[PDB]
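In: just the structure for this:
(3 chains, ligands or ions: 7)
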Amino acid sequence: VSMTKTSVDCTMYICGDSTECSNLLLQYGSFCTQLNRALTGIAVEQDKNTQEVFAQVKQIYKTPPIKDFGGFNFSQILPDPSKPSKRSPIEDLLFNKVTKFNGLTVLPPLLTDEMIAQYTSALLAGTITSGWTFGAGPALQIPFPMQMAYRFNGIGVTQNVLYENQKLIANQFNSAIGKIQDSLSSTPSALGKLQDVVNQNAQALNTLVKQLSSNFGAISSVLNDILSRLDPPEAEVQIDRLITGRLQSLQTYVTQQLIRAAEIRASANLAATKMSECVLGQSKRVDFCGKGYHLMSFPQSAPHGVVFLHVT
Amino acid sequence: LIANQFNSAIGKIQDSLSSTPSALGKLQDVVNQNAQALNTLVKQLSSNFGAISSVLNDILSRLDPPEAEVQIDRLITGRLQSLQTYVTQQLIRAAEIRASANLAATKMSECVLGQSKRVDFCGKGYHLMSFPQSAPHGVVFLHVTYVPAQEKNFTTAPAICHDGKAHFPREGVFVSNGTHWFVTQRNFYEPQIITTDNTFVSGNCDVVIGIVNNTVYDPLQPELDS
Amino acid sequence: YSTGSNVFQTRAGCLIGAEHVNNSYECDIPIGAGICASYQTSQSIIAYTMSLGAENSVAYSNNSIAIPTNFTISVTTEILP
Ligand SMILES: *[C@@H]1O[C@H](CO)[C@@H](O[C@@H]2O[C@H](CO)[C@@H](O)[C@H](O)[C@H]2NC(C)=O)[C@H](O)[C@H]1NC(C)=O
Ligand SMILES: *[C@@H]1O[C@H](CO)[C@@H](O)[C@H](O)[C@H]1NC(C)=O
Ligand SMILES: *[C@@H]1O[C@H](CO)[C@@H](O)[C@H](O)[C@H]1NC(C)=O
Ligand SMILES: *[C@@H]1O[C@H](CO)[C@@H](O)[C@H](O)[C@H]1NC(C)=O
Ligand SMILES: *[C@@H]1O[C@H](CO)[C@@H](O)[C@H](O)[C@H]1NC(C)=O
Ligand SMILES: *[C@@H]1O[C@H](CO)[C@@H](O)[C@H](O)[C@H]1NC(C)=O
Ligand SMILES: *[C@@H]1O[C@H](CO)[C@@H](O)[C@H](O)[C@H]1NC(C)=O
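Out: Residues are numbered from 1 along each chain as shown, chains lettered A, B, ... in the order given. Ligands and ions are numbered 1, 2, ... in the order given. Okay, here it is:
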């Protein structure tokens, strides 16, 4: 849903505390300003991605004090008061599974993980109690067996089937939730997408930091040795070479970040569409939300992403 | 009443667009981004890029062509890099705008040319219509949506046990106002007397959890009696 | 603005010139890390944790449904480049 909200100070990256390199950079034009603008646009885009995905709900909803849902057990997806941060057990394992100052800063996300979990809990409470009505008007209470009967009516199976198989369906749903719990617990590459995003961003940042250490054809990579060894005339050309190298490296980083942010925005729009059409309603699109005839969906906040449990 | 609501809604659209200056923020932002890109490209000509002068005519006039060629080459590298950056940014922006135009074409096809069941795709609520309105370098949709407003509590039961056979609502909801039971549409409170026409019978009263006792009127019986 | 005038420390960084209030309000200016700033009431800039919305619990009961009686035909404007 969102990627790491990072900004890079171009003037500080290309040239450190030195002022001569800053003067040589000022004559390159508005390259650093444009790069800063691009990175700030990416950061605000990440905030917008998280907002659009999660703040689909207008009012923070809350589950009833006693969870009597006709046998359907939501304990694995609903928040538990015991642990300090009100994250569900599945949310806990999602958060557990996913695991630089040269002008480099990592702006904190506007939405804390706690209020992202609060949006997720509100969506879960609205889905459980009000059905899909909480996304198309005022949230409208309805017993959960009745809501799942309406979902059955949606898939083309008359509501007779559920009311005559409520116990078996409840047990199947609970067991499916438990097996999802264990499959997430065991498989290491279950959360491969989010970890891939995090690793890709970290590898790009490490590549930039290493590129700080490259000669780029200059006498040496370190700035101060270039300044001390050579007189200002030749220092100017050496610094210009090093500036071209570092500017090309940072432009490459910014371009790759723009493309990755476009990919993440496509995925965040897909996640927002999935939330709207599967959490806030029941979708007739085939294979859009789970393999099979869609019944429900439960959002689960995961680090820099979202996890959907498409009940089918 | 629906006509008045629709007309007042359209009038409020016009008023909200008129008063609010940030109503067309997306299109204005697109135009501003393009203008800033062009402005940066034009202002890049004033940069020396390390050469003696930012205007190549003065470089050619002043210095001899041998040593002026390296300065002109530096200027070419700088301006070519600026143009490459501008073109790459424009390609990414064109990808963004093409994604938005594919979304706009999808919205046209699915909401102007039909009714879409996709939730929150076309308006917040149960989508009814959509009216395109051309805007500078963009499109504006007026998604007419149906939003319920006044709701009241009711007592509901999954089935109605009559004669020992469970009755289920054919296309409605079983609700009660405390004393009498009615079958009602899902999205609009309209109580009808429970009848074999609006209920389909399938099963036994023991299986269903939450079934309640009640009588289902049979239209046939009065004709036989009379 | 140097230190000495309503200095407030948040996870985004040092904030100078705004008073930290304990109440929760809708986000107006997104400072970051869950903190927003706004111009509220005499008049001064305030910083606060954002309020995600009115925490209303739906009166769920295994026995009760709520069917709407009246509707509104609302027209929503959506702008697309
Ligand atoms: C449904 O709502 C409409 C308004 O949204 C109601 O019509 C209004 O009723 C009030 C009565 O106090 C009048 O003053 C208004 O002039 C009416 N029209 C409008 C456009 O507001 C209507 O009565 C409601 N229906 C029910 C059954 O409650
Ligand atoms: C739901 O499951 C949890 C463990 O998964 C269990 O502790 C709890 O008792 C269950 N709820 C009910 C009502 O059985
Ligand atoms: C339904 O009942 C609950 C509690 O009894 C109450 O909070 C809620 O406001 C009621 N709904 C309406 C529409 O009055
Ligand atoms: C319920 O509705 C019926 C309509 O037939 C009416 O006769 C009855 O008085 C109503 N009772 C209550 C408690 O509203
Ligand atoms: C609802 O829960 C109460 C709690 O004891 C129970 O007595 C009642 O039978 C339940 N009704 C339905 C329809 O599940
Ligand atoms: C419904 O009525 C039948 C007799 O017609 C009776 O045996 C049964 O106990 C009743 N159910 C309830 C919940 O009172
Ligand atoms: C806000 O709450 C904290 C924790 O209870 C307290 O220490 C602080 O004094 C409060 N601030 C105000 C202005 O009431």
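In: chain center to the host helix or strand of residue B:90, what's the gap?
Out: Element membership of residue B:90, judged by DSSP states H and E, is helix B:65-107. Averaging C-alpha positions (Cα atoms, centre = their mean, to the nearest Å) puts helix B:65-107 32 Å from its chain's average.
In: most distant residue from the middle of chain B?
Out: Distance from the C-alpha centroid of chain B, by Cα atoms, centre = their mean, peaks at residue B:64 (63.7 Å).
In: how many neighbours does residue A:61 have?
Out: 25 (other Cβ atoms under 10 Å in any protein chain shown). Where C-beta positions appear, they are placed from N, C-alpha and C, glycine not excepted.
In: isn't it right up against residue C:56?
Out: Yes: counting by Cβ atoms under 8 Å, residue C:56 is a contact partner of residue A:61 at 6.8 Å.
In: show me where chain B has strands.
Out: Using DSSP state E, the strands of chain B run over B:126-127, B:131-135, B:138-156, B:160-162, B:165-169, B:173-176, B:181-184, B:192-193, B:199-201, B:212-213.
In: so which of the ones you listed gets nearest residue C:12?
Out: With Cβ to Cβ as the measure, strand B:138-156 is the member of these nearest residue C:12 (33.7 Å).
In: list the buried residues in that closest one.
Out: Neighbour-count burial for strand B:138-156 flags B:138-148, B:151, B:154, B:156 (criterion: 16 or more other Cβ atoms under 10 Å in any protein chain shown).
In: near ligand 3 too, which of these?
Out: residue B:151 (Cβ under 6 Å from any ligand atom).
In: list just the nearest of the buried residues of strand B:138-156 to ligand 4.
Out: Distances from ligand 4 to the buried residues of strand B:138-156, taken as Cβ to the nearest ligand atom, are shortest for residue B:154 (10.3 Å).
In: need the residues that contact stretch A:251-265.
Out: For stretch A:251-265, the surrounding residues in contact (Cβ atoms under 8 Å, 6 or more residues apart in numbering or on different chains) are A:1-3, A:6, A:8, A:31, A:35, A:38-39, A:42, A:45-46, A:49, A:197, A:200-201, A:204, A:207-208, B:85, B:88-89, B:92, B:95-96.
In: give me the buried entries from those residues.
Out: Among the contacts of stretch A:251-265, those classed as buried by 16+ other Cβ under 10 Å are A:1-3, A:6, A:8, A:31, A:35, A:38-39, A:42, A:45-46, A:49, A:197, A:201, A:204, A:208, B:85, B:89, B:92, B:96.
In: narrow these to those in helices?
Out: A:31, A:35, A:38-39, A:42, A:45-46, A:49, A:197, A:201, A:204, A:208, B:85, B:89, B:92, B:96 (DSSP state H).
In: sec struct for residue A:105, please.
Out: strand (DSSP: H, G, I helix; E, B strand; the rest coil).
In: quick one, what contacts it?
Out: Taking Cβ under 8 Å, 6+ apart as the criterion, residue A:105 is in contact with A:6-9.
In: could you rerun that using 6 Å?
Out: For residue A:105, the contacting residues are residue A:7, by Cβ atoms under 6 Å, 6 or more residues apart in numbering or on different chains.
In: list the contacts of stretch C:51-62.
Out: For stretch C:51-62, using Cβ under 6 Å, 6+ apart, the contacting residues are A:59-62, A:64, A:68, A:115, A:118, A:129-130, A:139, A:141, A:143, C:24-26.
In: quick check: end-to-end length of that stretch?
Out: 30 Å (Cα to Cα, to the nearest Å).
In: before we move on, back to that, any idea how far the residue farthest from the centre of chain B is from ligand 2?
Out: For residue B:64, the distance to ligand 2 (Cβ to the nearest ligand atom, to the nearest Å) stands at 85 Å.
In: look up how far residue B:73 lies from that residue.
Out: 15 Å (Cβ to Cβ, to the nearest Å).
In: thought residue A:211 was touching residue A:249?
Out: Yes: Residue A:211 lies in contact with residue A:249 (Cβ atoms under 6 Å); the separation is 4.0 Å.
In: got the residues of chain C near ligand 2?
Out: Residues of chain C lying near ligand 2 (Cβ under 6 Å from any ligand atom): none found.
In: how about the residues of chain C near ligand 3?
Out: So chain C meets ligand 3 at residue C:59 (Cβ under 6 Å from any ligand atom).
In: helix, strand, or coil at residue C:9?
Out: Secondary structure, three-state DSSP: residue C:9 is strand.
In: phi and psi next, for the nearest residue to it once chain neighbours are set aside.
Out: Nearest residue to residue C:9, sequence neighbours excluded (Cβ to Cβ, 6 or more residues apart in numbering or on different chains): residue C:15, at 7.2 Å. Per-residue torsions, residue C:15: phi -120, psi 120 (degrees, to the nearest 10).
In: not counting residues beside it along the chain, what's closest to the residue of chain B found nearest ligand 4?
Out: For chain B and ligand 4, the shortest gap (Cβ to the nearest ligand atom) falls at residue B:177, measuring 3.7 Å. Leaving aside its chain neighbours, residue B:177 sits nearest to residue B:154 (6.9 Å; criterion: Cβ to Cβ, 6+ apart).
In: what parts of chain C come near chain B?
Out: C:63-81 (Cβ under 6 Å from any Cβ of the partner chain).
In: need the contact list for the residue of chain A most remote from its centre.
Out: When each C-alpha in chain A is compared with the mean C-alpha position (Cα atoms, centre = their mean), residue A:231 comes out farthest, at 49.9 Å. Residue A:231 sits next to no residue when contact means Cβ under 6 Å, 6+ apart.
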